[PDB]
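Structure record follows, encoded as structure tokens.
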Protein chains: 2
Amino acid sequence: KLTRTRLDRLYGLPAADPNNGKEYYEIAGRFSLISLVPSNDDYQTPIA
Amino acid sequence: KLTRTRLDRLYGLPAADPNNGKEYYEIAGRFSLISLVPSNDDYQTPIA
């Protein structure tokens with residue numbers, strides 16, 4: 001809501017002060033990565 | 001009444017002191033206001 005303004009019941013998080021003073025907005029979850037590096041023909045040699 | 005004076009029986013509030021240790025002067029009641037107001041338009045709202 002905007003006070004003393006002909007505007008109310010807006011939807012969507014606005015762009016004035018979204019951080020609420022809270023320091024961070026945490027998101028958790030898994031993360032998969034099947035990346036592939038130029039490993040040599042020698043199986044005993046890991047490229048890291 | 002006014003004693004020890006030649007101008008006595010003064011009627012009405014003088015200009016000196018209505019405090020007299022009285023907490024306040026309470027006059028309750030009500031208002032009734034019919035006002036022309038532009039800020040209560042719940043109408044011109046965008047979609048979504």
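Identifiers in the structure tokens: chain A, B, ... in order shown; residue index from 1 per chain; ligand index from 1 in order shown.
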At most 10 Å is the cut-off: for each residue in chain A with any atom that close to an atom of chain B, write down the nearest atom pair and the distance in Å rounded to one decimal, counting only C-alpha atoms, chain first then increasing number, as CSV.
residue,atom,partner,partner_atom,distance
A:3,CA,B:39,CA,9.4
A:4,CA,B:39,CA,6.8
A:5,CA,B:39,CA,6.2
A:6,CA,B:39,CA,4.6
A:7,CA,B:42,CA,7.7
A:8,CA,B:42,CA,7.2
A:9,CA,B:42,CA,8.2
A:10,CA,B:45,CA,8.2
A:11,CA,B:48,CA,7.8
A:12,CA,B:48,CA,9.6
Output C-alpha atoms of each residue in that selection to a file, as an mmCIF file, in the first residue's frame.
data_model
loop_
_atom_site.group_PDB
_atom_site.id
_atom_site.type_symbol
_atom_site.label_atom_id
_atom_site.label_comp_id
_atom_site.auth_asym_id
_atom_site.auth_seq_id
_atom_site.Cartn_x
_atom_site.Cartn_y
_atom_site.Cartn_z
ATOM 1 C CA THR A 3 -0.295 6.000 1.981
ATOM 2 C CA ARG A 4 -2.418 9.030 1.024
ATOM 3 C CA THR A 5 -2.162 7.788 -2.564
ATOM 4 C CA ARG A 6 -4.980 6.649 -4.846
ATOM 5 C CA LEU A 7 -3.274 3.261 -5.059
ATOM 6 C CA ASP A 8 -3.792 0.098 -3.022
ATOM 7 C CA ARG A 9 -3.897 -3.713 -3.210
ATOM 8 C CA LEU A 10 -0.789 -3.889 -5.397
ATOM 9 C CA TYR A 11 0.785 -7.239 -6.260
ATOM 10 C CA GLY A 12 4.456 -8.068 -6.683
#
What does chain B look like after a least-squares fit onto chain A on every Cα paired in order, written as a PDB file with N, CA and C atoms, in the first residue's frame?
ATOM      1  N   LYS B   1      -1.895  -2.901   1.340  1.00  0.00           N
ATOM      2  CA  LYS B   1      -2.648  -1.662   1.412  1.00  0.00           C
ATOM      3  C   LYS B   1      -1.737  -0.471   1.131  1.00  0.00           C
ATOM      4  N   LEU B   2      -2.345   0.617   0.666  1.00  0.00           N
ATOM      5  CA  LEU B   2      -1.691   1.916   0.589  1.00  0.00           C
ATOM      6  C   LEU B   2      -2.649   2.967   1.125  1.00  0.00           C
ATOM      7  N   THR B   3      -2.217   3.691   2.151  1.00  0.00           N
ATOM      8  CA  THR B   3      -3.066   4.672   2.810  1.00  0.00           C
ATOM      9  C   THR B   3      -2.669   6.088   2.413  1.00  0.00           C
ATOM     10  N   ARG B   4      -3.646   6.994   2.506  1.00  0.00           N
ATOM     11  CA  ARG B   4      -3.468   8.402   2.145  1.00  0.00           C
ATOM     12  C   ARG B   4      -3.016   8.534   0.691  1.00  0.00           C
ATOM     13  N   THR B   5      -3.460   7.601  -0.145  1.00  0.00           N
ATOM     14  CA  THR B   5      -3.154   7.643  -1.566  1.00  0.00           C
ATOM     15  C   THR B   5      -4.410   7.271  -2.334  1.00  0.00           C
ATOM     16  N   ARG B   6      -4.473   7.733  -3.578  1.00  0.00           N
ATOM     17  CA  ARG B   6      -5.562   7.380  -4.477  1.00  0.00           C
ATOM     18  C   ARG B   6      -5.216   6.208  -5.383  1.00  0.00           C
ATOM     19  N   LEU B   7      -3.997   5.687  -5.294  1.00  0.00           N
ATOM     20  CA  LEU B   7      -3.599   4.454  -5.969  1.00  0.00           C
ATOM     21  C   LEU B   7      -3.151   3.497  -4.873  1.00  0.00           C
ATOM     22  N   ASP B   8      -4.011   2.541  -4.539  1.00  0.00           N
ATOM     23  CA  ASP B   8      -3.834   1.700  -3.370  1.00  0.00           C
ATOM     24  C   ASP B   8      -3.875   0.235  -3.776  1.00  0.00           C
ATOM     25  N   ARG B   9      -3.638  -0.627  -2.787  1.00  0.00           N
ATOM     26  CA  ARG B   9      -3.658  -2.077  -2.973  1.00  0.00           C
ATOM     27  C   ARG B   9      -2.714  -2.504  -4.093  1.00  0.00           C
ATOM     28  N   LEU B  10      -1.522  -1.912  -4.115  1.00  0.00           N
ATOM     29  CA  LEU B  10      -0.501  -2.286  -5.083  1.00  0.00           C
ATOM     30  C   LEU B  10       0.021  -3.673  -4.734  1.00  0.00           C
ATOM     31  N   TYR B  11      -0.006  -4.582  -5.703  1.00  0.00           N
ATOM     32  CA  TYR B  11       0.300  -5.984  -5.463  1.00  0.00           C
ATOM     33  C   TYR B  11       1.608  -6.373  -6.141  1.00  0.00           C
ATOM     34  N   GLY B  12       2.505  -6.975  -5.367  1.00  0.00           N
ATOM     35  CA  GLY B  12       3.819  -7.369  -5.840  1.00  0.00           C
ATOM     36  C   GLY B  12       4.922  -6.554  -5.193  1.00  0.00           C
ATOM     37  N   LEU B  13       6.150  -6.944  -5.498  1.00  0.00           N
ATOM     38  CA  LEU B  13       7.302  -6.200  -5.003  1.00  0.00           C
ATOM     39  C   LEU B  13       7.432  -4.873  -5.730  1.00  0.00           C
ATOM     40  N   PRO B  14       7.430  -3.751  -5.029  1.00  0.00           N
ATOM     41  CA  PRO B  14       7.800  -2.477  -5.643  1.00  0.00           C
ATOM     42  C   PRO B  14       9.300  -2.452  -5.914  1.00  0.00           C
ATOM     43  N   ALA B  15       9.761  -1.318  -6.432  1.00  0.00           N
ATOM     44  CA  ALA B  15      11.159  -1.152  -6.801  1.00  0.00           C
ATOM     45  C   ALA B  15      11.995  -0.486  -5.717  1.00  0.00           C
ATOM     46  N   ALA B  16      11.434  -0.257  -4.532  1.00  0.00           N
ATOM     47  CA  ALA B  16      12.068   0.643  -3.577  1.00  0.00           C
ATOM     48  C   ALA B  16      13.014  -0.075  -2.617  1.00  0.00           C
ATOM     49  N   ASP B  17      12.491  -1.000  -1.821  1.00  0.00           N
ATOM     50  CA  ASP B  17      13.259  -1.491  -0.684  1.00  0.00           C
ATOM     51  C   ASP B  17      12.794  -2.828  -0.109  1.00  0.00           C
ATOM     52  N   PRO B  18      13.481  -3.922  -0.426  1.00  0.00           N
ATOM     53  CA  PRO B  18      13.256  -5.184   0.300  1.00  0.00           C
ATOM     54  C   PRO B  18      14.207  -5.423   1.468  1.00  0.00           C
ATOM     55  N   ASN B  19      15.142  -4.508   1.739  1.00  0.00           N
ATOM     56  CA  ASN B  19      16.061  -4.704   2.857  1.00  0.00           C
ATOM     57  C   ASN B  19      15.308  -4.753   4.180  1.00  0.00           C
ATOM     58  N   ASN B  20      14.673  -3.644   4.560  1.00  0.00           N
ATOM     59  CA  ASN B  20      13.788  -3.567   5.723  1.00  0.00           C
ATOM     60  C   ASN B  20      14.445  -4.072   7.002  1.00  0.00           C
ATOM     61  N   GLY B  21      15.773  -4.072   7.061  1.00  0.00           N
ATOM     62  CA  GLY B  21      16.469  -4.670   8.176  1.00  0.00           C
ATOM     63  C   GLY B  21      16.585  -6.176   8.116  1.00  0.00           C
ATOM     64  N   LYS B  22      16.066  -6.810   7.066  1.00  0.00           N
ATOM     65  CA  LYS B  22      16.219  -8.246   6.901  1.00  0.00           C
ATOM     66  C   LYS B  22      17.679  -8.580   6.637  1.00  0.00           C
ATOM     67  N   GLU B  23      18.174  -9.599   7.336  1.00  0.00           N
ATOM     68  CA  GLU B  23      19.584  -9.960   7.238  1.00  0.00           C
ATOM     69  C   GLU B  23      19.949 -10.333   5.807  1.00  0.00           C
ATOM     70  N   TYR B  24      19.181 -11.237   5.206  1.00  0.00           N
ATOM     71  CA  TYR B  24      19.426 -11.699   3.847  1.00  0.00           C
ATOM     72  C   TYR B  24      18.167 -12.399   3.349  1.00  0.00           C
ATOM     73  N   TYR B  25      18.213 -12.855   2.100  1.00  0.00           N
ATOM     74  CA  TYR B  25      17.131 -13.636   1.505  1.00  0.00           C
ATOM     75  C   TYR B  25      17.693 -15.014   1.184  1.00  0.00           C
ATOM     76  N   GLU B  26      17.391 -15.975   2.050  1.00  0.00           N
ATOM     77  CA  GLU B  26      17.986 -17.302   1.990  1.00  0.00           C
ATOM     78  C   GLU B  26      17.097 -18.248   1.195  1.00  0.00           C
ATOM     79  N   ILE B  27      17.683 -18.895   0.190  1.00  0.00           N
ATOM     80  CA  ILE B  27      17.008 -19.912  -0.607  1.00  0.00           C
ATOM     81  C   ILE B  27      17.966 -21.088  -0.723  1.00  0.00           C
ATOM     82  N   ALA B  28      17.776 -22.094   0.123  1.00  0.00           N
ATOM     83  CA  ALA B  28      18.624 -23.270   0.095  1.00  0.00           C
ATOM     84  C   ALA B  28      18.141 -24.224  -0.994  1.00  0.00           C
ATOM     85  N   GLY B  29      18.881 -25.296  -1.193  1.00  0.00           N
ATOM     86  CA  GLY B  29      18.534 -26.267  -2.207  1.00  0.00           C
ATOM     87  C   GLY B  29      19.724 -27.158  -2.520  1.00  0.00           C
ATOM     88  N   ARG B  30      19.757 -27.643  -3.758  1.00  0.00           N
ATOM     89  CA  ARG B  30      20.788 -28.576  -4.184  1.00  0.00           C
ATOM     90  C   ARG B  30      21.086 -28.338  -5.656  1.00  0.00           C
ATOM     91  N   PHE B  31      22.252 -28.804  -6.088  1.00  0.00           N
ATOM     92  CA  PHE B  31      22.582 -28.942  -7.497  1.00  0.00           C
ATOM     93  C   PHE B  31      22.685 -30.412  -7.877  1.00  0.00           C
ATOM     94  N   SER B  32      22.600 -30.664  -9.180  1.00  0.00           N
ATOM     95  CA  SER B  32      22.894 -31.980  -9.741  1.00  0.00           C
ATOM     96  C   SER B  32      23.382 -31.757 -11.165  1.00  0.00           C
ATOM     97  N   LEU B  33      24.692 -31.865 -11.365  1.00  0.00           N
ATOM     98  CA  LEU B  33      25.328 -31.555 -12.637  1.00  0.00           C
ATOM     99  C   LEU B  33      26.015 -32.794 -13.188  1.00  0.00           C
ATOM    100  N   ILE B  34      25.692 -33.140 -14.430  1.00  0.00           N
ATOM    101  CA  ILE B  34      26.388 -34.183 -15.174  1.00  0.00           C
ATOM    102  C   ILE B  34      27.261 -33.462 -16.192  1.00  0.00           C
ATOM    103  N   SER B  35      28.577 -33.598 -16.051  1.00  0.00           N
ATOM    104  CA  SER B  35      29.536 -32.785 -16.785  1.00  0.00           C
ATOM    105  C   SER B  35      30.509 -33.663 -17.559  1.00  0.00           C
ATOM    106  N   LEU B  36      30.810 -33.250 -18.788  1.00  0.00           N
ATOM    107  CA  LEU B  36      31.892 -33.852 -19.555  1.00  0.00           C
ATOM    108  C   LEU B  36      33.206 -33.224 -19.110  1.00  0.00           C
ATOM    109  N   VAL B  37      34.115 -34.039 -18.583  1.00  0.00           N
ATOM    110  CA  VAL B  37      35.317 -33.500 -17.949  1.00  0.00           C
ATOM    111  C   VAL B  37      36.545 -34.312 -18.346  1.00  0.00           C
ATOM    112  N   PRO B  38      37.638 -33.662 -18.748  1.00  0.00           N
ATOM    113  CA  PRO B  38      38.831 -34.405 -19.166  1.00  0.00           C
ATOM    114  C   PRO B  38      39.878 -34.559 -18.075  1.00  0.00           C
ATOM    115  N   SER B  39      39.684 -33.880 -16.944  1.00  0.00           N
ATOM    116  CA  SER B  39      40.740 -33.746 -15.949  1.00  0.00           C
ATOM    117  C   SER B  39      40.768 -34.879 -14.928  1.00  0.00           C
ATOM    118  N   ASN B  40      39.816 -35.809 -14.971  1.00  0.00           N
ATOM    119  CA  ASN B  40      39.767 -36.913 -14.022  1.00  0.00           C
ATOM    120  C   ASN B  40      40.327 -38.210 -14.599  1.00  0.00           C
ATOM    121  N   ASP B  41      41.357 -38.123 -15.436  1.00  0.00           N
ATOM    122  CA  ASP B  41      41.997 -39.315 -15.979  1.00  0.00           C
ATOM    123  C   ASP B  41      43.148 -39.732 -15.072  1.00  0.00           C
ATOM    124  N   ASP B  42      42.934 -40.800 -14.304  1.00  0.00           N
ATOM    125  CA  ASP B  42      43.957 -41.392 -13.453  1.00  0.00           C
ATOM    126  C   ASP B  42      44.696 -42.516 -14.156  1.00  0.00           C
ATOM    127  N   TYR B  43      44.844 -42.414 -15.477  1.00  0.00           N
ATOM    128  CA  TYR B  43      45.074 -43.579 -16.323  1.00  0.00           C
ATOM    129  C   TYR B  43      46.434 -43.510 -17.006  1.00  0.00           C
ATOM    130  N   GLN B  44      46.771 -42.394 -17.648  1.00  0.00           N
ATOM    131  CA  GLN B  44      47.991 -42.296 -18.441  1.00  0.00           C
ATOM    132  C   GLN B  44      49.207 -42.018 -17.564  1.00  0.00           C
ATOM    133  N   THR B  45      49.394 -42.825 -16.528  1.00  0.00           N
ATOM    134  CA  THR B  45      50.487 -42.588 -15.612  1.00  0.00           C
ATOM    135  C   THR B  45      51.737 -43.335 -16.060  1.00  0.00           C
ATOM    136  N   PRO B  46      52.906 -42.700 -15.993  1.00  0.00           N
ATOM    137  CA  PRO B  46      54.153 -43.402 -16.320  1.00  0.00           C
ATOM    138  C   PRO B  46      54.514 -44.429 -15.256  1.00  0.00           C
ATOM    139  N   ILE B  47      55.388 -45.357 -15.647  1.00  0.00           N
ATOM    140  CA  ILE B  47      55.879 -46.409 -14.761  1.00  0.00           C
ATOM    141  C   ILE B  47      56.790 -45.779 -13.712  1.00  0.00           C
ATOM    142  N   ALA B  48      57.132 -46.554 -12.680  1.00  0.00           N
ATOM    143  CA  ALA B  48      57.942 -46.110 -11.548  1.00  0.00           C
ATOM    144  C   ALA B  48      57.187 -45.127 -10.669  1.00  0.00           C
TER     145      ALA B  48
END
